[PDB]
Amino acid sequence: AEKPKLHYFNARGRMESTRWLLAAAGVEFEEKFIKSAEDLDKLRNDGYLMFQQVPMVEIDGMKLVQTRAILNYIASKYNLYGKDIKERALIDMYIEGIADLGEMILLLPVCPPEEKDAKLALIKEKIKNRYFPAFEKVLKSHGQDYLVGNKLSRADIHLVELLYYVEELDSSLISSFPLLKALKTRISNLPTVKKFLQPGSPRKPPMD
């Protein structure tokens, strides 16, 4: 049995959400860290990167690039992508909103120092006024433990991962959203997640 190998820098970056998805699915993976530019060029020259970039994940005989292609495959393979086309549409809608917000938090470190302030103010404004209220309303509407189909899916995983990043940004943001707090707790206690949240797991630290 082959363990998926994740090729990327030893960092959170664009590979973290995949790390969380595999860990939450209970899948064990190997990481092949890119230390130098020589490493990245070697991957390219071996014809391992379709569009010359990483993340790249070797899984089930394929060398998948593009974060979304990778996450979609894994979510499908481990039954984290809903029950049908309608459920996947809700999942996709929610996780694409999460990915818009997450793209902002992700690029924040590479943000121009002069902009680094308004950017971070924009991010917090969007979190309070757009995203958190949206997800809180979904949880509030059905009163269920999970975002979609009363069953664990990538939506819950991706959202909880994002709630940890927001917490790192400003622990006060989630305060007015009890249902999101509850979901964060509930998901963090899932055996697979808790183990990943523990020291020594493949989870990566904030980029400094």
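Position 1 is the first residue in the sequence shown; the rest follow in order.
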Inset, instruction - Could you settle it for me: does 53 to 61 or 164 to 172 have the higher average Cα B factor in the PDB entry? - result: 164 to 172
Legend entry - Segment of higher mean CA temperature factor, 116 to 124 or 100 to 108: 116 to 124
Legend entry - Modelled-residue ranking by C-alpha temperature factor, third containing residue 86: middle
Inset, instruction - Please rank the C-alpha B-factors of the chain's modelled residues and tell me whether residue 40 sits in the lowest, middle or highest third. - result: highest
Legend entry - Modelled-residue ranking by C-alpha temperature factor, third containing residue 68: lowest
Legend entry - B-factor third for the C-alpha atom of residue 181 within its chain: middle
Legend entry - Third of chain Cα B-factors occupied by residue 158: lowest
